[PDB]
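Structural characterization, general
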There are 2 protein chains.
Amino acid sequence: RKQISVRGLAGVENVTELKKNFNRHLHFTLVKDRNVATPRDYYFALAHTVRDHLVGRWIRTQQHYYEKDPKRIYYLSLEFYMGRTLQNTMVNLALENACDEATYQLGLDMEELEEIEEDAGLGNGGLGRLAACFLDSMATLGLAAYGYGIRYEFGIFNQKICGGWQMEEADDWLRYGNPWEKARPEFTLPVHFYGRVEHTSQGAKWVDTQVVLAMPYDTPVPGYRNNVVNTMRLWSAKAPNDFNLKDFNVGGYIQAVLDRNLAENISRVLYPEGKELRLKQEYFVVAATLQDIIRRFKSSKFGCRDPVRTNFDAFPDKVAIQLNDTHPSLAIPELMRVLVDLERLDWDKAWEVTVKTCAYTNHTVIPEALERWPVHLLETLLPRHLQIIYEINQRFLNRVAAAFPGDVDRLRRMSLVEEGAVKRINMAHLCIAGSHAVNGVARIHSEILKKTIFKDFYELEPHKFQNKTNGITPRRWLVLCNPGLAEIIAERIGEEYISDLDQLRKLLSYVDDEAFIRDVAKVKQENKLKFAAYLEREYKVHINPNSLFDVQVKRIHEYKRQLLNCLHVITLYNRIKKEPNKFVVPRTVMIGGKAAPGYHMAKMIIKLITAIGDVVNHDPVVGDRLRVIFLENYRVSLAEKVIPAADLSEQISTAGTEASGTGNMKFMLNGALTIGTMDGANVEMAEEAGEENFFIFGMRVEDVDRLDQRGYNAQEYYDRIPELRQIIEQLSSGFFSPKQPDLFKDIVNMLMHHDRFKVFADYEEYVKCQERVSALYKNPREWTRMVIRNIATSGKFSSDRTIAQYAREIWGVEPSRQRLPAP
Amino acid sequence: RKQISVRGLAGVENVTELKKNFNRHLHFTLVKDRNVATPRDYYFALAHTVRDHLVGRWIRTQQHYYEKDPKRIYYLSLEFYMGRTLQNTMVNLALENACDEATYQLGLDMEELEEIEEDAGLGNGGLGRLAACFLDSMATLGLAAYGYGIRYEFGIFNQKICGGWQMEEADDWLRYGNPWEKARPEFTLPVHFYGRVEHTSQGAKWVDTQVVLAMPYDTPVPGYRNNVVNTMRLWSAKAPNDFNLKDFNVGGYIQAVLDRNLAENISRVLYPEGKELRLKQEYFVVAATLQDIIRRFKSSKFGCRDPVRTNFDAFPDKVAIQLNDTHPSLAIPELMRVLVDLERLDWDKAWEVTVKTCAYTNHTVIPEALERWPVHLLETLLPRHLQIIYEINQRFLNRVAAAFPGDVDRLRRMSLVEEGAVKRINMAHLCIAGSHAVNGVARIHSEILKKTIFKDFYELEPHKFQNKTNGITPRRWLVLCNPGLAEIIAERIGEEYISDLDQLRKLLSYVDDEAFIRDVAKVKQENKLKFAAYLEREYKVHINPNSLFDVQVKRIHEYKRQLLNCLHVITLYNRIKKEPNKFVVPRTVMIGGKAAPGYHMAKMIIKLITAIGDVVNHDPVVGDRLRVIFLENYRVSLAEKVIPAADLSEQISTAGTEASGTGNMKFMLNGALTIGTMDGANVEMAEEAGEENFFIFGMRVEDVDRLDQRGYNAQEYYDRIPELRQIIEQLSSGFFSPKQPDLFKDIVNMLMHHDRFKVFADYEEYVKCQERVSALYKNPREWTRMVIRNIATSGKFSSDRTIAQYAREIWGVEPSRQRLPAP
Ligand SMILES: O=c1[nH]cnc2c1ncn2[C@@H]1O[C@H](COP(=O)(O)O)[C@@H](O)[C@H]1O
Ligand SMILES: O=c1[nH]cnc2c1ncn2[C@@H]1O[C@H](COP(=O)(O)O)[C@@H](O)[C@H]1O
Ligand SMILES: *Cc1c(COP(=O)(O)OP(=O)(O)O)cnc(C)c1O
Ligand SMILES: *Cc1c(COP(=O)(O)OP(=O)(O)O)cnc(C)c1O
């Protein structure tokens, strides 16, 4: 028994033991030989060779927490956007050098292999990426932490552009296996749906529930070189498969083959209204996670440390659930169902525990975005969960009246239940009620969570409102993707910045020196070259390495403002064609994102951006002064290529719409200069980088409210501005669409007659901020001089910080930059 | 490249490298650790320490085959009754001794761990088990063989007796994975169903077909210590999952959620009439194996060796295809299909090759049993294949006309098209026409196919019919299951017997040496002691390890006669209790079988065996002079546990019912006497042992044919024989059934008025033979000596013999027992 140990199984940094274990997984785990392997095989071979390294540590880390019994914190979220784990496993595990040398000797080129990896499809955007980043920084900072979510077979769509039209292909990233997960069919848990609550004697009973099974899969997450590796644990839905003869539902009728498939596809697709699948999904990931969380609390030596009921008294001293957005919110009536009905704690011992154990991050600014479910949808598949939502609610509103006696209209403003046609439940006031702390994601955004959106709750409990600004991981977003920039920096300062990012300000001391200043425009020359080849070898065009790489890689929504940017490039195209000879600083403009299937404005816009380009890029006069490029199927491993080769990071969202900008922080730290409105992220970045150092522009928040107060009359601008007048005119003539002139008709009328977001307002200012830009590119010494200052200044934008604060003010744990002994 | 070699990965019989490998797998593979591990988890680590050694050999053996280009033989069966891979994989590879040592130091019990493996639910009966025996033999004699079937996810049922009634439970054997297979997605092939045949220009084209996908799984098969490890490749059906958006069938309607369930379950269950499911499991394994077969032909250096068509002229000289019974029959219109339509050989060239490629093994006797598919089934799911079956049928019938000019009643009896209500196609006559050798499975059985069942095919082509008697492997069925018996036998004659079983004749030399005579009984005393301990510790009864373990482990049907051996147990009762103190040599009768859901007689026969024992085994007079046990859920792992432990092997079918009897042969080898009729396998086993050493009995066939010629009037026997009368009258009075007396009334009436298999007829002679049995037992020197002349005469029943004759007389290759150098 004790002879079964982790002890002899590694010669880690060793190009010869790593050549031994690559061979071991290709013939014995893959059961192939060099006579028939494929790149895919040899990548699988290599993913198990860096993985036994990771799971060597994993067992130690984990053992360590069970004998050291920290508070354990569960980050719950419905999207985890990991993307390729090979390079990140190696660079955080130290192993990249040994692996390169080893695969080299074995006559295999490790880069060609890292490009066989499928981006882990469990994310779709920001929110996903964000949790992805907090998992890194959590483990780097040694927290007893876990990420808990659904595993999505089909990701979410894979974008194809055919005809200058977006077609979504399916992403089955798992089609050939995933080398990093470990399934767990022994920890399968039941998840109950529908049914009836029979109230019997000392509780309520929820009976006749259908059931779907939650089957786990553990992917590990490695710290930065400290040998702590923690668990991400995604659930998968598996139907009961009695459905044959067993139960005697069937025999007579297998039409229940629909139980079978509707179940299995809880886990099949990410979402992408009030759907019984979304709510089915949300309940899924909460109900399994909470049985697991409770099980380590009964196990994790607290089986011994009972003193009370294996108490729930200690439950808040031992566990922390972070709800990410409102999709986790039933974590609160579900912990209240498990605690009350299953265990037996009275409602108030139970609710003490719940509030003290949860917390809720918010990411929305418009109230037309806070989740809301139909009470008839929660009565049908969740009936106990609606009674508890009602009893939480009663009790919360009795607290409210004992604070503001006689306010009546507040009792109807703060409720969980909302009345209209279709009485609904408000998922966010459920969360503020059942959390001990709420935090925004931007200072601007949590002030407006306090001041307007949740202000009566901010009066009733001011002390719940905190703020915790979002961040990026230094690792992925500078060391993995940007290694020259991480080399030259390091030369001049040290390593420690990658685990204490603000140290970057020491590079301020180098602002004039002509070393950094050429190096930086060197690396930056590197990056743009490589990628200016990727733009020919996988996808194709004729870039110009020299140019302004002008990129907005933003979700394609109206309010994100691609169309502002398409007028501007139609502006440049015009000038150069009237003035076939002006020295105009050239640009290669690169817009990238995925629409949303069935959002036809977004499908019309990616139509715009191709059609412009086919005009410009095939017109002689423009030659190679002006190229427009649509980056198909923008995603995390295209992020890490593009964001290093960029100069101009285009942040133009209407002001007030953005709650932040994580994608934003990522172009600061890789010396891209940020054009953009004074919103969300752009604010704290300008604060650090110095306003002078940032191309801030257009309508502030204020000015928009004012233009709304007097009413936005689009046409006026169209009639001052002679360029605009003409570009609208070229759009409606069919300049840019000769086969269907009429093609951009809707777009026209979008802008002219009912633009919700004031593109034509911010035009005139935009094209003059852009004039400042072209003008400063062509002064490389100073252009590059600013960049050094933006980079230097990036350290509040590191996720390690963001975590340190959830850690210190919300969770109650001191981080630790220590190295866990191990391997 | 070349440095990626199988070479440095194994210190084999090294208790220090096996423990190192256990530990890599518990931690690295399973991502478990000794705080969390379970006995299931440790068996998977042992499972894997061993598999590295297996697959090692498999890599060197398949390479070997591609560099020497042997004739590859493919065994086509829908049933492979493997049972348990681990004790068997260690013995073939010599590792049993080192793993015991190794796990013992780690302080884990290798017998504990072995008992957690699930019996590979890939079969059901003697057809499956033969195919497996053949597989161990084809590898032990250096045959370049491959076995091909379907992977059934649920097996066929698991048995469970509840109040003595059979309840079938499911067999999700695949539930915590199976660690011996390797799923190969990369090699998925489509299989086509339904459709319509477009007849265009140079060919017909099968168009508009539904497509199910066949994914392969490989399980390696080890020879006995000769280091050749061969392939079993079982197929899994998967639906194409575009079903969501892609095709534009879906969207508007997903009621084609059924294609998906009705595709998915070709691979779901084994069977268990004219069902589309069956013919769709039949074509599927055929469709998907003939492509992988024509792929190795085109690939395995015969690309090089084109000279003409990659001529399929050489196709017989390099492929051979064994259709085990009629379920692979479609391999004859599908090989012809591929070659005529896909390639473009003319009909006659293609038929030369199909006939020289295929060979049929038949296992039936009654003609009611020969497979038959209605032409409306074939016309619908297989409309090209119906066509080909018609040309084949026309043309064979024109051969027939030239041979028997003007014999018309022959033209109609030799047809593959059958005329009656429902026009059927006769899949047996298909097989004799496109195969180049038909064969029986025991000499009497070969002979009735030639004189009665296929005799006009015997007449037009006498060169085709062979015989190749069944055979059991000495490894599983003696070395593996009864190692004691192998050991005393080894002391005297060495090991060569295990790979050369005729050599057990040497044991005759020692019939009269008294060490052996006592070692043999000793051996057996152990086996029964062991077993008796199971019968209290996994199931419960009170054995008395001293009595005569009397056993029947046959399929529960009416011709298999357990009601005969029911009657006989009640006679022995009736006698111990009429005369409570006379001496009766005591027995523990054990009868086990699995009913077959839907057969009501079978189902009451086990209710019978289970209640006889309720009475006899609690009736205090009987003391321990009888006991009766229904063995729960007979499968290969209970066979290697009961078959060692027994004395008399109950082989009682009515004469003329049995073609052969794999069961039987395992009993002779493990020193058990065989009481039973002169049918099937009993014939040649009697002939090598001599009559004198067997307890043959009852109506011989020529007699059953007489009693039918005059008409078996049951009543007469019930009115001569008094003890018969007595038991019938016990059955109807409710002796055994006191709460519903009337319960065995349909058994009683069967017996009385319509037994097709003449129980009463053999009853009188039967119980007489049991008296000669008890008699001799009660004389341990001479009972042990008759036991030693059964074991010594075992030789003809070695599946290495049956294989060598297939190879030489049908497949056209030579056994070699040569060690491939390897590892
Ligand atoms: O009681 C324990 N003591 C030490 N290590 C443990 C114990 N329970 C679990 N582990 C380790 O913790 C990991 C995670 O366990 P889990 O929290 O139950 O998922 C396992 O892989 C083991 O390495
Ligand atoms: O052309 C070849 N040369 C050498 N080994 C081969 C070749 N093709 C296949 N193999 C080996 O044969 C194994 C089985 O391939 P299969 O028989 O094609 O299914 C592969 O896994 C390799 O070990
Ligand atoms: C960082 C990131 C993001 C985040 O994108 P942004 O914060 O810039 O804005 P939204 O698109 O509006 O959220 C999204 N996707 C990936 C791949 C990524 O790396
Ligand atoms: C050998 C065997 C069999 C086969 O049983 P029998 O050969 O006795 O004859 P039938 O009953 O007629 O098929 C079945 N099951 C197991 C486990 C086994 O080992």
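Residues numbered from 1 in each chain as written, not as in the entry; some residues may be left out. Chains lettered and ligands numbered in written order. Part of a larger assembly, values for the part shown. Heavy atoms only, no water.

All names here are of chain B. Inspection of the region around ligand 4 gives 16 residues, with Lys554, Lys560, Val636, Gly663 and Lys666 positioned closest. With respect to ligand 4, the side chain of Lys554 contributes an N or O atom lying 2.9 Å from an oxygen atom. Between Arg555 and ligand 4, the recorded distance is 3.3 Å, taken from a backbone N or O atom to an oxygen atom. For ligand 4, whose free accessible area comes to 460 Å², the fraction covered by protein is 89%. Breaking the shell around ligand 4 down by element, the ones donating at least two residues are α23 (636-642) and α24 (662-669). Classifying every residue of the shell around ligand 4 by side-chain character gives six nonpolar, four polar and six charged. (Near = heavy atom within 4 Å. Polar contact = N/O pair within 3.5 Å; in protein donor to acceptor, adjacent residues only side chain to side chain. Areas by Shrake-Rupley, 256 points an atom, 1.4 Å probe, with all protein chains shown as cover. Helix = DSSP H or I, 4+ residues; strand = E, 2+ residues; numbered from the N terminus. Nonpolar A, V, L, I, M, F, W, Y, C, P; charged D, E, K, R; others polar.)

Of the residues lining the interface, 51 residues belong to chain B; the matching set on chain A comes to 49 residues. Buried surface at the junction of chain B and chain A, summed over both partners, amounts to about 4,900 Å²; 54% is from carbon and sulfur atoms. Contact with chain A buries surface across chain B, with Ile4(B), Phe28(B) and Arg34(B) losing the most and accounting together for 16% of the total. Where chain B touches chain A, the interface holds six salt bridges. Residues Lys32(A) and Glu186(B) are paired through a salt bridge, measuring 2.9 Å at the closest nitrogen-oxygen approach. At the boundary of chain B and chain A, one finds 31 residue pairs in polar contact. Put simply, the parts of the chain that give the side of chain B that touches chain A at least two residues each are α1 (15-29), α2 (39-68), α4 (96-106) and α7 (257-264) of chain B. Top contributing element to the side of chain B that touches chain A by residue count: α1(B), with 11 residues. Here the residues of the side of chain B that touches chain A are counted per class, giving 20 nonpolar, 14 polar and 17 charged. (Contact = heavy atoms within 4.5 Å. Buried area = accessible area lost by both parts, 1.4 Å probe. Salt bridge = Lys/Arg side-chain N within 4 Å of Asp/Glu carboxyl O.)

As a further point, take the packing of helix α20 (residues 514-537) of chain B against helix α31 (residues 780-791) of chain B. All names here are of chain B. At their nearest, the axes of α20 and α31 sit 9 Å apart, and the two run at 90° to each other. Classed by the angle they form, the pair α20 and α31 counts as roughly perpendicular. Two secondary-structure elements touch here, α20 through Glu514, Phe516, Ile517, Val520 and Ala521 and α31 through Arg781, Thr784, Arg785, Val787 and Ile788. For the contact of α20 with α31, the class distribution of residues is six nonpolar, one polar and three charged. (Axes fitted to C-alpha atoms, helices over the stretch in contact; angles between N-to-C directions. Parallel < 35°, antiparallel > 145°, perpendicular 65-115°, else oblique.)

A common measure of how large an interface is: the accessible area buried when the components associate. Residue and element names in this part refer to chain A. The domain boundaries assigned to chain A delineate domain 1 (1-471 + 799-822) and domain 2 (472-798). The C-alpha-based centres of domain 1 and domain 2 are spaced at 34 Å. On the domain 2 side, the residues contacting the 45 residues of domain 1 number 49 residues. Counting each side, the surface lost to burial between domain 1 and domain 2 is near 4,000 Å², with a carbon and sulfur contribution of 49%. The largest per-residue losses of area from domain 1 upon contact with domain 2 belong to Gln159, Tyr224 and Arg817, which jointly make up 15% of the total buried on that side. Applying the counting rule to domain 1 against domain 2 returns 11 salt bridges. The partner of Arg443 in a salt bridge is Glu687, and the shortest N-O contact between them spans 2.7 Å. At the junction of domain 1 and domain 2, the tally comes to 30 residue pairs in polar contact. (Domains from an automatic or database assignment.)

Scanning the model with the defined rule gives 55 aromatic pairs over all chains in all. One aromatic cluster is present, formed by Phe396(B), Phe454(B), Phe457(B), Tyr458(B) and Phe465(B) through successive ring pairs. Taking the ring centre of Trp165(A) as reference, the NZ or CZ of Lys607(A) above it sits at 5.5 Å. Its end group placed over the ring of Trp477(A), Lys666(A) keeps NZ or CZ at 4.6 Å from the ring centre. (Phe/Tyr/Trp six-rings, centres within 6.5 Å; stacked < 30°, edge-to-face > 60°. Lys NZ or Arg CZ within 6 Å of the ring centre and 35° of its normal.)

Here we take up the site of ligand 3. Residues and elements named next belong to chain A. Of all residues adjacent to ligand 3, which total 16 residues, the nearest are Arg129, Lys554, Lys560, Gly663 and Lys666. Here an oxygen atom of ligand 3 and a backbone polar atom of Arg555 are 3.4 Å apart. With respect to ligand 3, the backbone of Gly663 contributes an N or O atom lying 2.9 Å from an oxygen atom. Summarising the interface, the protein chains cover 88% of the accessible area of ligand 3, which totals 460 Å² for the free molecule. At the level of elements, α6 (126-140), α23 (636-642) and α24 (662-668) are the ones that each hand at least two residues to the shell around ligand 3. The element best represented in the shell around ligand 3 is α24, accounting for four residues. Of the residues that make up the shell around ligand 3, three or more belong to each of domain 1 (1-471 + 799-822) and domain 2 (472-798).

What follows is about empty space enclosed by the protein. Residue and element names in this part refer to chain B. In this model, the largest cavity occupies a volume close to 460 Å³. At the level of secondary structure, the elements contributing two or more residues to the lining of the largest cavity comprise α2, α3 (86-92), α6 (126-140), β9 (210-222) and β10 (229-238). Residues that form the lining of the largest cavity fall into these classes: 18 nonpolar, eight polar and nine charged. Of the voids in this model, the second largest cavity is the one considered here, and its volume is about 250 Å³. (1 Å grid on protein atoms, 1.4 Å probe; cavity = no way out; pocket = protein on both sides within 12 Å on 5 of 7 lines; lining within 4 Å. Points joined across faces, edges and corners; volume = space filled by probe spheres on them.)

So, on to the pattern of salt bridges. Pairing between side chains of opposite charge can happen when the charged atoms of each approach one another. All names here are of chain A. A complete count under the given rule lists 188 salt bridges over all chains for this structure. Residue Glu118 pairs with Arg40 through a salt bridge whose shortest N-O separation is 2.8 Å. Taken as a pair, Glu118 in the loop between α5 (110-114) and α6 and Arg40 in helix α2 (residues 39-68) lie far apart in primary sequence, 78 residues in all. Through salt bridges that share partners, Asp407, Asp409, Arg410, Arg412, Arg413, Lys455, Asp456 and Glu459 make up one connected network.

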